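Asks: Sharing structure04.csv here; it has CSV, C-alpha atoms.
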chain,number,residue,atom,x,y,z
A,852,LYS,CA,167.1,212.3,181.8
A,853,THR,CA,163.9,213.2,179.9
A,854,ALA,CA,164.3,210.3,177.4
A,855,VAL,CA,161.0,209.0,176.3
A,856,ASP,CA,159.7,205.5,176.0
A,857,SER,CA,160.8,203.8,172.8
A,858,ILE,CA,160.6,200.7,170.6
A,859,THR,CA,163.1,199.0,168.3
A,860,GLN,CA,163.0,198.7,164.5
A,861,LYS,CA,165.3,196.4,162.6
A,862,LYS,CA,165.9,195.9,158.9
A,863,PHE,CA,168.7,194.9,156.6
A,864,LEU,CA,169.6,196.3,153.3
A,865,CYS,CA,171.3,194.1,150.8
A,866,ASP,CA,171.8,195.6,147.5
A,867,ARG,CA,173.5,194.3,144.4
A,868,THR,CA,173.0,190.7,144.9
A,869,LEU,CA,171.0,187.7,144.3
A,870,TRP,CA,169.5,185.4,146.9
A,871,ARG,CA,170.7,181.8,146.1
A,872,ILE,CA,169.2,178.5,147.0
A,873,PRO,CA,171.5,175.9,145.4
A,874,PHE,CA,170.0,172.6,144.4
A,875,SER,CA,172.2,170.5,146.6
A,876,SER,CA,171.6,168.0,149.4
A,877,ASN,CA,173.5,170.2,151.9
A,878,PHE,CA,173.6,173.6,150.2
A,879,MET,CA,177.3,173.3,149.7
A,880,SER,CA,179.0,174.1,146.3
A,881,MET,CA,180.8,170.8,145.6
A,882,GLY,CA,180.8,171.2,141.9
A,883,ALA,CA,179.2,172.8,138.8
A,884,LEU,CA,177.0,169.7,138.4
A,885,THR,CA,175.3,169.6,141.8
A,886,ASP,CA,175.1,166.2,143.3
A,887,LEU,CA,171.3,166.3,143.9
A,888,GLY,CA,170.8,167.5,140.3
A,889,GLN,CA,172.1,164.2,139.0
A,890,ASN,CA,170.3,162.0,141.5
A,891,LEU,CA,168.2,159.3,139.9
A,892,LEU,CA,165.0,160.8,141.4
A,893,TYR,CA,165.3,164.1,139.5
A,894,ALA,CA,167.1,162.8,136.5
A,895,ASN,CA,164.7,160.1,135.1
A,896,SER,CA,161.3,160.9,136.5
A,897,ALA,CA,159.6,164.3,135.7
A,898,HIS,CA,158.1,166.3,138.5
A,899,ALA,CA,156.0,169.5,138.7
A,900,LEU,CA,157.2,172.4,140.8
A,901,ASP,CA,155.5,175.0,142.9
B,852,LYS,CA,86.2,192.7,157.9
B,853,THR,CA,88.0,196.0,157.0
B,854,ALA,CA,91.4,194.5,156.4
B,855,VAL,CA,93.6,196.5,154.0
B,856,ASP,CA,95.4,195.1,151.0
B,857,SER,CA,98.5,193.1,151.7
B,858,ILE,CA,101.8,192.0,150.2
B,859,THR,CA,103.7,189.0,151.5
B,860,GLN,CA,107.4,188.9,152.5
B,861,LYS,CA,109.4,185.8,153.0
B,862,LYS,CA,112.8,185.3,154.7
B,863,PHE,CA,114.6,182.6,156.6
B,864,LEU,CA,117.1,182.4,159.4
B,865,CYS,CA,119.8,179.8,159.9
B,866,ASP,CA,122.3,180.6,162.6
B,867,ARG,CA,125.1,178.5,164.3
B,868,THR,CA,125.6,176.8,161.0
B,869,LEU,CA,127.9,176.6,158.0
B,870,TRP,CA,126.7,176.1,154.4
B,871,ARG,CA,128.4,173.1,152.9
B,872,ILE,CA,129.0,172.2,149.2
B,873,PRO,CA,130.7,168.8,149.2
B,874,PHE,CA,133.1,168.0,146.5
B,875,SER,CA,131.4,164.7,145.6
B,876,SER,CA,129.7,163.4,142.4
B,877,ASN,CA,126.1,163.4,143.8
B,878,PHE,CA,126.7,165.7,146.7
B,879,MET,CA,126.3,162.7,149.1
B,880,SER,CA,128.7,161.9,151.9
B,881,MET,CA,129.9,158.6,150.6
B,882,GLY,CA,133.0,158.8,152.7
B,883,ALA,CA,135.6,161.2,154.0
B,884,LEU,CA,137.7,161.0,150.8
B,885,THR,CA,135.2,161.8,148.2
B,886,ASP,CA,135.4,160.1,144.8
B,887,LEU,CA,135.9,163.4,143.1
B,888,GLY,CA,138.8,163.9,145.4
B,889,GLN,CA,140.3,160.7,143.9
B,890,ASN,CA,139.2,161.6,140.4
B,891,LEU,CA,142.3,161.2,138.2
B,892,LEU,CA,142.0,164.7,136.6
B,893,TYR,CA,142.0,166.4,140.0
B,894,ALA,CA,144.7,164.1,141.2
B,895,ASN,CA,147.3,164.2,138.4
B,896,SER,CA,147.0,167.8,137.1
B,897,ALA,CA,146.7,171.5,138.1
B,898,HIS,CA,143.8,173.8,137.9
B,899,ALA,CA,142.6,177.3,138.7
B,900,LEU,CA,139.5,178.2,140.6
B,901,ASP,CA,137.3,181.3,140.3
C,1,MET,CA,160.5,162.4,115.7
C,2,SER,CA,162.0,159.5,113.8
C,3,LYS,CA,160.1,156.3,114.5
C,4,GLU,CA,163.4,154.6,115.1
C,5,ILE,CA,165.3,156.9,117.4
C,6,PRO,CA,162.7,158.4,119.5
C,7,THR,CA,163.0,160.9,122.2
C,8,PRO,CA,162.2,159.0,125.3
C,9,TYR,CA,159.1,159.4,127.5
C,10,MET,CA,159.6,160.2,131.1
C,11,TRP,CA,157.1,159.2,133.8
C,12,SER,CA,155.5,161.7,136.2
C,13,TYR,CA,155.0,160.6,139.8
C,14,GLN,CA,152.1,161.5,142.0
C,15,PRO,CA,153.3,161.4,145.4
C,16,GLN,CA,150.2,161.4,147.1
C,17,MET,CA,148.6,158.2,146.0
C,18,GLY,CA,151.5,156.3,145.0
C,19,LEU,CA,150.4,155.6,141.5
C,20,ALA,CA,152.2,156.9,138.5
C,21,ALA,CA,150.6,159.8,136.7
C,22,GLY,CA,150.7,160.3,132.9
C,23,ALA,CA,154.0,160.7,131.2
C,24,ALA,CA,155.4,162.7,128.3
C,25,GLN,CA,158.2,163.1,126.0
C,26,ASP,CA,161.2,164.7,127.6
C,27,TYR,CA,161.0,168.3,126.9
C,28,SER,CA,163.6,169.9,129.0
C,29,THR,CA,166.7,168.1,127.8
C,30,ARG,CA,166.4,168.3,124.1
C,31,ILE,CA,169.5,169.3,122.1
C,32,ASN,CA,169.2,172.1,119.6
C,33,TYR,CA,171.4,171.2,116.7
C,34,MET,CA,169.3,173.1,114.1
C,35,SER,CA,172.5,175.0,113.3
C,36,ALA,CA,174.8,172.0,112.6
C,37,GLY,CA,175.9,170.1,109.5
C,38,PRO,CA,175.6,166.4,108.7
C,39,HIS,CA,178.6,165.4,110.7
C,40,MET,CA,177.5,166.6,114.1
C,41,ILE,CA,173.9,165.8,113.3
C,42,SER,CA,174.9,162.1,112.7
C,43,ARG,CA,177.0,162.2,115.8
C,44,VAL,CA,174.0,163.5,117.9
C,45,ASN,CA,171.7,160.9,116.4
C,46,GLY,CA,174.2,158.2,117.3
C,47,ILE,CA,174.3,159.6,120.8
C,48,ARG,CA,170.6,159.5,121.2
C,49,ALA,CA,170.6,156.0,119.9
C,50,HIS,CA,173.1,155.0,122.5
C,51,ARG,CA,170.9,156.6,125.2
C,52,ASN,CA,167.9,154.6,124.0
C,53,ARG,CA,169.9,151.4,124.1
C,54,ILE,CA,170.9,152.2,127.6
C,55,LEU,CA,167.3,152.8,128.6
C,56,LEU,CA,165.8,149.8,127.0
C,57,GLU,CA,168.1,147.5,128.4
C,58,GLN,CA,168.2,148.8,131.8
C,59,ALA,CA,164.6,148.7,132.1
C,60,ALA,CA,164.1,145.4,130.9
C,61,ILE,CA,166.7,143.6,132.9
C,62,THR,CA,167.2,145.3,136.1
C,63,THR,CA,163.8,144.9,137.6
C,126,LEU,CA,172.8,140.4,173.2
C,127,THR,CA,172.9,144.0,171.8
C,128,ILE,CA,170.3,143.7,169.1
C,129,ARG,CA,170.2,146.9,167.0
C,130,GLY,CA,166.6,147.6,168.2
C,131,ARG,CA,165.9,150.6,166.1
C,132,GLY,CA,169.1,152.3,165.6
C,133,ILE,CA,170.4,152.5,169.1
C,134,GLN,CA,171.2,149.1,170.3
C,135,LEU,CA,169.8,147.8,173.4
C,136,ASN,CA,171.1,145.2,175.7
C,137,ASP,CA,169.1,142.3,176.7
C,138,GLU,CA,168.8,140.5,180.0
C,139,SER,CA,166.3,138.0,181.3
C,140,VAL,CA,167.4,137.3,184.9
C,141,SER,CA,168.5,140.9,185.6
C,142,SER,CA,165.8,141.0,188.3
C,143,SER,CA,167.4,143.0,191.1
C,144,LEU,CA,164.6,144.0,193.6
C,145,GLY,CA,163.4,140.6,194.6
C,146,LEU,CA,161.1,141.9,197.3
C,147,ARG,CA,157.4,142.4,196.7
C,148,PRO,CA,155.2,144.4,199.0
C,149,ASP,CA,153.1,141.9,201.0
C,150,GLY,CA,151.0,143.1,204.0
C,151,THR,CA,154.1,144.2,205.8
C,152,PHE,CA,156.6,145.7,203.4
C,153,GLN,CA,156.3,149.1,201.7
C,154,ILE,CA,158.5,149.4,198.6
C,155,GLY,CA,159.6,152.9,197.8
C,156,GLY,CA,160.7,154.3,194.4
C,157,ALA,CA,162.3,151.8,192.1
C,158,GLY,CA,162.6,150.6,188.6
C,159,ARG,CA,165.4,149.4,186.3
C,160,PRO,CA,164.2,149.4,182.7
C,161,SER,CA,165.2,146.2,181.1
C,162,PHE,CA,163.9,144.7,177.8
C,163,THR,CA,162.6,141.2,178.4
C,164,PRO,CA,164.1,139.0,175.7
C,165,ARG,CA,161.1,137.4,174.2
C,166,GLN,CA,158.2,139.6,175.4
C,167,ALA,CA,159.5,143.1,175.1
C,168,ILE,CA,161.7,142.7,172.0
C,169,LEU,CA,159.4,140.6,169.9
C,170,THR,CA,156.4,142.8,170.8
C,171,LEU,CA,158.6,145.8,169.8
C,172,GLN,CA,159.5,144.4,166.4
C,173,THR,CA,156.3,142.7,165.2
C,174,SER,CA,155.3,143.8,161.7
C,175,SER,CA,151.8,144.9,160.7
C,176,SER,CA,148.9,142.5,161.2
C,177,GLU,CA,148.0,142.2,157.5
C,178,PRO,CA,150.2,143.4,154.6
C,179,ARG,CA,149.1,146.2,152.4
C,180,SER,CA,147.8,146.3,148.8
C,181,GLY,CA,147.8,149.6,147.1
C,182,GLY,CA,150.2,152.3,145.8
C,183,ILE,CA,154.0,152.4,145.5
C,184,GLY,CA,156.5,154.4,147.5
C,185,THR,CA,159.1,156.7,146.0
C,186,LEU,CA,162.2,154.5,146.0
C,187,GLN,CA,160.4,151.6,144.3
C,188,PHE,CA,158.9,154.0,141.8
C,189,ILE,CA,162.4,155.2,140.9
C,190,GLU,CA,163.6,151.7,140.6
C,191,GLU,CA,160.7,150.5,138.5
C,192,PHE,CA,159.5,153.4,136.3
C,193,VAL,CA,162.5,154.2,134.2
C,194,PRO,CA,161.8,156.4,131.2
C,195,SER,CA,160.3,154.2,128.5
C,196,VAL,CA,161.2,154.4,124.9
C,197,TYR,CA,158.2,154.3,122.6
C,198,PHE,CA,159.5,153.2,119.2
C,199,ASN,CA,156.7,153.4,116.6
C,200,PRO,CA,154.2,155.8,118.2
C,201,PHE,CA,150.5,154.9,118.0
C,202,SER,CA,150.9,152.6,115.0
C,203,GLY,CA,147.9,150.4,115.8
C,204,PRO,CA,144.2,150.5,115.5
C,205,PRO,CA,142.1,152.5,118.0
C,206,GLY,CA,142.2,150.9,121.4
C,207,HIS,CA,145.6,149.4,120.9
C,208,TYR,CA,147.4,152.6,122.1
C,209,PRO,CA,149.2,152.8,125.4
C,210,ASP,CA,146.6,154.5,127.6
C,211,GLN,CA,148.9,154.8,130.6
C,212,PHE,CA,150.5,157.9,129.1
C,213,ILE,CA,147.3,160.1,129.3
C,214,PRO,CA,147.1,161.3,132.9
C,215,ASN,CA,143.3,161.7,132.6
C,216,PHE,CA,142.8,158.0,131.7
C,217,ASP,CA,141.5,155.6,134.4
C,218,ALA,CA,142.4,151.9,134.0
C,219,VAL,CA,138.9,150.5,134.8
C,220,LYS,CA,136.6,153.3,133.6
C,221,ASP,CA,138.2,154.5,130.4
C,222,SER,CA,138.8,158.2,129.8
C,223,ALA,CA,138.2,159.9,133.1
C,224,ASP,CA,136.0,162.9,132.4
C,225,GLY,CA,137.6,165.8,134.2
C,226,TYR,CA,135.5,168.3,136.1
C,227,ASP,CA,132.7,165.6,136.8
D,4,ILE,CA,152.3,136.7,174.6
D,5,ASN,CA,148.6,136.6,175.4
D,6,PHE,CA,147.1,139.7,177.1
D,7,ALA,CA,143.7,138.1,178.0
D,8,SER,CA,144.7,138.0,181.7
D,9,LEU,CA,144.6,141.8,181.8
D,10,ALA,CA,141.0,142.1,180.8
D,11,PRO,CA,138.0,141.9,183.2
D,12,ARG,CA,136.6,138.4,183.3
D,13,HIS,CA,132.9,137.9,182.6
D,14,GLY,CA,133.2,134.4,184.1
D,15,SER,CA,135.7,131.9,182.7
D,16,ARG,CA,135.8,134.1,179.6
D,17,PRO,CA,137.8,137.3,179.1
D,18,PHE,CA,135.8,140.5,178.2
D,19,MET,CA,137.6,141.2,175.0
D,20,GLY,CA,136.1,144.2,173.3
D,21,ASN,CA,135.4,144.4,169.6
D,22,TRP,CA,138.5,145.0,167.5
D,23,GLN,CA,136.6,147.1,165.0
D,24,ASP,CA,136.5,150.1,167.4
D,25,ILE,CA,139.3,152.6,166.7
D,26,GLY,CA,138.3,156.2,166.4
D,27,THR,CA,137.7,158.1,163.2
D,28,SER,CA,135.8,161.3,162.7
D,29,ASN,CA,135.8,164.4,160.5
D,30,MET,CA,133.6,167.2,159.5
D,31,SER,CA,130.9,165.5,157.4
D,32,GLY,CA,130.0,161.9,157.3
D,33,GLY,CA,131.0,161.3,160.9
D,34,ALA,CA,128.0,161.1,163.3
D,35,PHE,CA,128.0,159.8,166.9
D,36,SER,CA,125.1,158.7,169.1
D,37,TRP,CA,123.6,160.5,172.1
D,38,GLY,CA,122.2,163.4,170.2
D,39,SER,CA,120.9,166.8,171.5
D,40,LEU,CA,117.5,165.4,172.1
D,41,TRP,CA,116.2,168.4,174.0
D,57,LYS,CA,108.2,185.8,187.1
D,58,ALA,CA,106.4,183.4,184.9
D,59,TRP,CA,104.5,185.3,182.4
D,60,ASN,CA,102.4,182.2,182.7
D,61,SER,CA,101.4,180.6,185.9
D,62,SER,CA,100.5,177.1,185.4
D,63,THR,CA,103.0,175.9,188.0
D,64,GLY,CA,102.4,172.3,187.3
D,65,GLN,CA,103.5,171.3,184.0
D,66,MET,CA,106.1,173.8,184.5
D,67,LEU,CA,107.9,172.1,187.3
D,68,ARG,CA,107.4,168.8,185.7
D,69,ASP,CA,109.0,170.0,182.6
D,70,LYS,CA,112.0,171.3,184.4
D,71,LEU,CA,112.3,167.9,186.0
D,72,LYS,CA,112.3,166.4,182.5
D,73,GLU,CA,114.8,168.8,181.3
D,74,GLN,CA,117.3,167.5,183.8
D,75,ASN,CA,117.6,163.7,183.0
D,76,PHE,CA,117.6,161.4,180.0
D,77,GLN,CA,116.3,158.7,177.6
D,78,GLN,CA,117.2,156.8,174.4
D,79,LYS,CA,117.7,153.2,172.9
D,80,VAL,CA,121.3,152.3,172.6
D,81,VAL,CA,121.4,153.0,176.2
D,82,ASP,CA,121.6,149.3,176.5
D,83,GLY,CA,124.3,149.3,179.1
D,84,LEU,CA,122.9,146.6,181.4
D,85,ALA,CA,119.1,145.9,180.7
D,86,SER,CA,116.3,147.2,178.6
D,87,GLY,CA,113.4,145.9,181.0
D,88,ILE,CA,111.6,142.6,181.0
D,89,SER,CA,109.3,141.5,178.2
D,90,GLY,CA,110.2,143.0,174.9
D,91,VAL,CA,109.9,144.6,171.5
D,92,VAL,CA,112.8,146.1,169.5
D,93,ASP,CA,112.3,149.9,168.8
D,94,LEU,CA,113.8,153.1,167.3
D,95,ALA,CA,115.7,156.4,167.9
D,96,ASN,CA,118.7,154.4,166.9
E,6,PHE,CA,116.2,124.1,168.5
E,7,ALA,CA,113.0,126.0,169.1
E,8,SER,CA,109.7,126.3,167.3
E,9,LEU,CA,108.4,128.6,169.9
E,10,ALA,CA,109.9,131.7,168.4
E,11,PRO,CA,108.7,134.5,166.4
E,12,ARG,CA,109.8,133.7,162.9
E,13,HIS,CA,110.6,136.8,160.9
E,14,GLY,CA,111.8,134.6,158.2
E,15,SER,CA,112.0,131.0,157.5
E,16,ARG,CA,114.9,131.4,159.8
E,17,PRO,CA,113.9,131.8,163.5
E,18,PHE,CA,114.3,135.0,165.5
E,19,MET,CA,116.6,134.1,168.4
E,20,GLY,CA,118.7,136.3,170.6
E,21,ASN,CA,122.3,135.8,171.8
E,22,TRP,CA,123.1,132.9,173.9
E,23,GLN,CA,124.7,135.2,176.4
E,24,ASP,CA,121.7,137.0,177.5
E,25,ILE,CA,121.2,136.2,181.1
E,26,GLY,CA,122.0,139.3,183.5
E,27,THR,CA,123.3,141.5,186.5
E,28,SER,CA,123.9,145.0,188.1
E,29,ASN,CA,124.6,146.0,191.6
E,30,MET,CA,124.4,149.7,192.5
E,31,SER,CA,127.9,149.6,193.2
E,32,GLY,CA,129.2,151.0,190.0
E,33,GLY,CA,129.8,147.4,189.7
E,34,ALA,CA,128.5,148.6,186.5
E,35,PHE,CA,129.1,151.8,184.8
E,36,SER,CA,129.6,149.5,181.9
E,37,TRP,CA,129.4,149.8,178.1
E,38,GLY,CA,127.0,149.4,175.1
E,39,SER,CA,124.9,146.7,173.5
E,40,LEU,CA,126.6,147.2,170.1
Can you present the structure in this file as structure tokens?
Replies:
Amino acid sequence: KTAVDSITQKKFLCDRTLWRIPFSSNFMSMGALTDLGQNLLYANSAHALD
Amino acid sequence: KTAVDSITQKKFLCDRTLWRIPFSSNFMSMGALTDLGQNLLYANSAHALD
Amino acid sequence: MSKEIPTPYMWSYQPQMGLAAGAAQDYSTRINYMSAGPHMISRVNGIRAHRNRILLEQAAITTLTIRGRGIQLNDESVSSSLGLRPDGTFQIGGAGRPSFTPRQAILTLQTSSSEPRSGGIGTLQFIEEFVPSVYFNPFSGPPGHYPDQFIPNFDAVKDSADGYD
Amino acid sequence: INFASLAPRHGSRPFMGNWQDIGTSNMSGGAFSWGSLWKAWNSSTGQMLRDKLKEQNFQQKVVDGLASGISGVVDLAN
Amino acid sequence: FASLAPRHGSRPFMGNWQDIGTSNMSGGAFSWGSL
């Protein structure tokens, strides 16, 4: 009955893992040699990265 | 006739304004896209500013 | 290294202007055979020679219901339904059937730009045109005979663009 | 496909505006016309009211909508 | 041609053909610049 006003705090804990952002056109794991990694754009030309 | 010795102070006021330091060769406004903006060193490389 | 089987040079793109920036030897895909004997070393050299042959050659030789714009649209000229027009007497309420006039609407919708462009190159054409270039005997000429396109800080008209102004 | 009929007619001749007028403005290098041209402790009364009248109205040179006024000379404040 | 014009150069100083004019209070104006 005498409950006080309140807010909500949300967080997630993930331990023991690595975030992964695969270099694929649709993020799927279709092979060891990712399809976008052999695309002509990123195979012949050289690009900077930020 | 009986004025006392004096020392001069100078100051200036400039409100409702922004100082500008254009990124152009001769500081002029020779266009929106300044020539230094198209200078190949600033266009095909990376740099750090301090 | 060797002036006959050289590691290729790979161009760098500047997306923004559309021109091609300076290039460089490929430095991310080298093979480290420094722990191999003459057999595998000759094999690897032959492989790099094969790669160079592939590059040179490639470069040199290889350079009703109109679709509208992805959703087809039908086309009618005499589809005029509401033949009435409001004269002094009539009073036409809400109406309107959107129909593309064959000549006016469609042609006006698919005209190209008024005058074609003259400037930089898009991404696809850059990929098709600027293959990695194999430089055989590097810098073997007198000064001024070198390929200046490779240096990114070099401007074609005004030579040797001074960085930092 | 000619849109001249849509324009106002200045007499047997459509009033086609200059094609070189499509907007472009940014922070520096872009300037537009019509600039900001402009219990009395002091009882003068006169010039005061006159000045207030001046303050509420206007004058410049590219205000050439319609006519400049009779005999002429070409002047400044461009 | 006309020789009766101020000459600011060897070439004469002549205005636009289309110079003759009108305005009615109306708003039959409220029209744009000389430019």
Asks: Would you write out chain A as a PDB file with C-alpha atoms, in the coordinates of the input, after superposing it on chain B by least squares over all in-order Cα pairs?
Replies:
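Full text of part.pdb as output:
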ATOM      1  CA  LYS A 852      86.097 193.346 157.487  1.00  0.00           C
ATOM      2  CA  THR A 853      88.254 196.486 157.105  1.00  0.00           C
ATOM      3  CA  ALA A 854      91.441 194.475 156.316  1.00  0.00           C
ATOM      4  CA  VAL A 855      93.660 196.322 153.981  1.00  0.00           C
ATOM      5  CA  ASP A 856      95.453 195.217 150.884  1.00  0.00           C
ATOM      6  CA  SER A 857      98.695 193.410 151.636  1.00  0.00           C
ATOM      7  CA  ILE A 858     101.818 191.741 150.239  1.00  0.00           C
ATOM      8  CA  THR A 859     103.917 188.799 151.410  1.00  0.00           C
ATOM      9  CA  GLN A 860     107.495 188.816 152.726  1.00  0.00           C
ATOM     10  CA  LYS A 861     109.486 185.652 153.190  1.00  0.00           C
ATOM     11  CA  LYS A 862     112.881 184.991 154.719  1.00  0.00           C
ATOM     12  CA  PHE A 863     114.666 182.240 156.557  1.00  0.00           C
ATOM     13  CA  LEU A 864     116.966 182.491 159.439  1.00  0.00           C
ATOM     14  CA  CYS A 865     119.606 179.881 159.884  1.00  0.00           C
ATOM     15  CA  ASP A 866     121.965 180.510 162.610  1.00  0.00           C
ATOM     16  CA  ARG A 867     124.837 178.471 163.944  1.00  0.00           C
ATOM     17  CA  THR A 868     125.752 176.646 160.896  1.00  0.00           C
ATOM     18  CA  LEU A 869     127.807 176.410 157.882  1.00  0.00           C
ATOM     19  CA  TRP A 870     126.595 176.104 154.313  1.00  0.00           C
ATOM     20  CA  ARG A 871     128.295 172.978 152.770  1.00  0.00           C
ATOM     21  CA  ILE A 872     128.975 172.115 149.201  1.00  0.00           C
ATOM     22  CA  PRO A 873     130.798 168.758 149.326  1.00  0.00           C
ATOM     23  CA  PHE A 874     133.203 167.955 146.550  1.00  0.00           C
ATOM     24  CA  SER A 875     131.424 164.861 145.388  1.00  0.00           C
ATOM     25  CA  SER A 876     129.891 163.715 142.103  1.00  0.00           C
ATOM     26  CA  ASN A 877     126.413 163.480 143.699  1.00  0.00           C
ATOM     27  CA  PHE A 878     126.750 165.537 146.880  1.00  0.00           C
ATOM     28  CA  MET A 879     126.448 162.445 148.974  1.00  0.00           C
ATOM     29  CA  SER A 880     128.861 161.701 151.925  1.00  0.00           C
ATOM     30  CA  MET A 881     130.227 158.281 150.894  1.00  0.00           C
ATOM     31  CA  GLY A 882     133.448 158.645 152.722  1.00  0.00           C
ATOM     32  CA  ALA A 883     136.078 160.987 154.245  1.00  0.00           C
ATOM     33  CA  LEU A 884     138.032 160.841 150.964  1.00  0.00           C
ATOM     34  CA  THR A 885     135.375 162.014 148.510  1.00  0.00           C
ATOM     35  CA  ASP A 886     135.243 160.044 145.356  1.00  0.00           C
ATOM     36  CA  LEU A 887     135.547 163.088 143.022  1.00  0.00           C
ATOM     37  CA  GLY A 888     138.515 164.333 145.093  1.00  0.00           C
ATOM     38  CA  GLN A 889     140.542 161.328 144.029  1.00  0.00           C
ATOM     39  CA  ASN A 890     139.456 161.324 140.403  1.00  0.00           C
ATOM     40  CA  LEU A 891     142.337 161.382 137.963  1.00  0.00           C
ATOM     41  CA  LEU A 892     141.198 164.780 136.587  1.00  0.00           C
ATOM     42  CA  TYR A 893     141.705 166.624 139.894  1.00  0.00           C
ATOM     43  CA  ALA A 894     144.463 164.502 141.244  1.00  0.00           C
ATOM     44  CA  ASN A 895     147.232 164.791 138.550  1.00  0.00           C
ATOM     45  CA  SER A 896     146.474 167.922 136.606  1.00  0.00           C
ATOM     46  CA  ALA A 897     146.413 171.372 138.391  1.00  0.00           C
ATOM     47  CA  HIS A 898     143.523 173.692 137.792  1.00  0.00           C
ATOM     48  CA  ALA A 899     142.716 177.303 138.790  1.00  0.00           C
ATOM     49  CA  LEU A 900     139.521 178.063 140.653  1.00  0.00           C
ATOM     50  CA  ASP A 901     137.104 180.930 140.659  1.00  0.00           C
TER      51      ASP A 901
END
Asks: Could you tell me how far CA of residue 194 in chain C sits from CA of residue 215 in chain C, in Å to one decimal place?
Replies: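 Between these atoms lies a distance of 19.3 Å.
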Asks: What is the distance, in Å and to one decimal place, between CA of residue 161 in chain C and CA of residue 131 in chain C?
Replies: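 Distance reported for this atom pair: 15.6 Å.
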Asks: Residues of chain E within 8 Å of chain D, counting all atoms listed in the file, what are they? List them as a list in words.
Replies: residues 26, 27, 28, 34, 35, 36, 37, 38, 39 and 40 of chain E
Asks: Return the neighbours of chain C among the residues of chain A, cut-off 10 Å, counting only C-alpha atoms, as a PyMOL selection string.
Replies: chain A and resi 891-899
Asks: Could you write out that same residue set with C-alpha atoms as a compact mmCIF listing (two decimals), keeping the file's coordinate frame?
Replies:
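So the final result, stored in part18.txt, reads:
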# COMPACT_ATOMS: atom_id res chain seq x y z
CA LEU A 891 168.20 159.30 139.90
CA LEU A 892 165.00 160.80 141.40
CA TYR A 893 165.30 164.10 139.50
CA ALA A 894 167.10 162.80 136.50
CA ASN A 895 164.70 160.10 135.10
CA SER A 896 161.30 160.90 136.50
CA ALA A 897 159.60 164.30 135.70
CA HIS A 898 158.10 166.30 138.50
CA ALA A 899 156.00 169.50 138.70
Asks: Fewer than 6 positions away in the same chain doesn't count, so skip those; otherwise give me all residues within 12 Å of residue 16 in chain E, counting all atoms listed in the file, as a PyMOL selection string.
Replies: chain E and resi 6-8+10
Asks: Could you tell me which of D:22, D:34, D:57, D:69 comes closest to chain B if we count all atoms listed in the file?
Replies: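 Looking at the shortest contact to chain B, the residue is D:34.
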Asks: Might you pull out every residue within 10 Å of residue 137 in chain C, with all atoms listed in the file counted and same-chain residues fewer than 5 positions away left off, and present them as an mmCIF file with C-alpha atoms, keeping the file's coordinate frame?
Replies:
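So the final result, stored in around_23.cif, reads:
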data_model
loop_
_atom_site.group_PDB
_atom_site.id
_atom_site.type_symbol
_atom_site.label_atom_id
_atom_site.label_comp_id
_atom_site.auth_asym_id
_atom_site.auth_seq_id
_atom_site.Cartn_x
_atom_site.Cartn_y
_atom_site.Cartn_z
ATOM 1 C CA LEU C 126 172.800 140.400 173.200
ATOM 2 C CA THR C 127 172.900 144.000 171.800
ATOM 3 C CA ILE C 128 170.300 143.700 169.100
ATOM 4 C CA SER C 161 165.200 146.200 181.100
ATOM 5 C CA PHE C 162 163.900 144.700 177.800
ATOM 6 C CA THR C 163 162.600 141.200 178.400
ATOM 7 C CA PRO C 164 164.100 139.000 175.700
ATOM 8 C CA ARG C 165 161.100 137.400 174.200
ATOM 9 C CA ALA C 167 159.500 143.100 175.100
ATOM 10 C CA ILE C 168 161.700 142.700 172.000
#
Asks: Pull out every residue of chain D sitting within 8 Å of chain B, counting only C-alpha atoms, and send them as a list in words.
Replies: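 Taking only C-alpha atoms into account, residues 29, 31 and 32 of chain D sit within 8 Å of chain B.
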Asks: Using all atoms listed in the file, find the residues of chain D whose closest atom to chain C is at most 12 Å away, then write them as an mmCIF file with C-alpha atoms, in the frame of the given file.
Replies:
data_model
loop_
_atom_site.group_PDB
_atom_site.id
_atom_site.type_symbol
_atom_site.label_atom_id
_atom_site.label_comp_id
_atom_site.auth_asym_id
_atom_site.auth_seq_id
_atom_site.Cartn_x
_atom_site.Cartn_y
_atom_site.Cartn_z
ATOM 1 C CA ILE D 4 152.300 136.700 174.600
ATOM 2 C CA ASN D 5 148.600 136.600 175.400
ATOM 3 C CA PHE D 6 147.100 139.700 177.100
#
Asks: Which of these, D:30, D:92, D:58, D:25, has the shortest distance to residue 18 in chain E once you count only C-alpha atoms?
Replies: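 Looking only at the distances to residue 18 in chain E, the closest residue turns out to be D:92.
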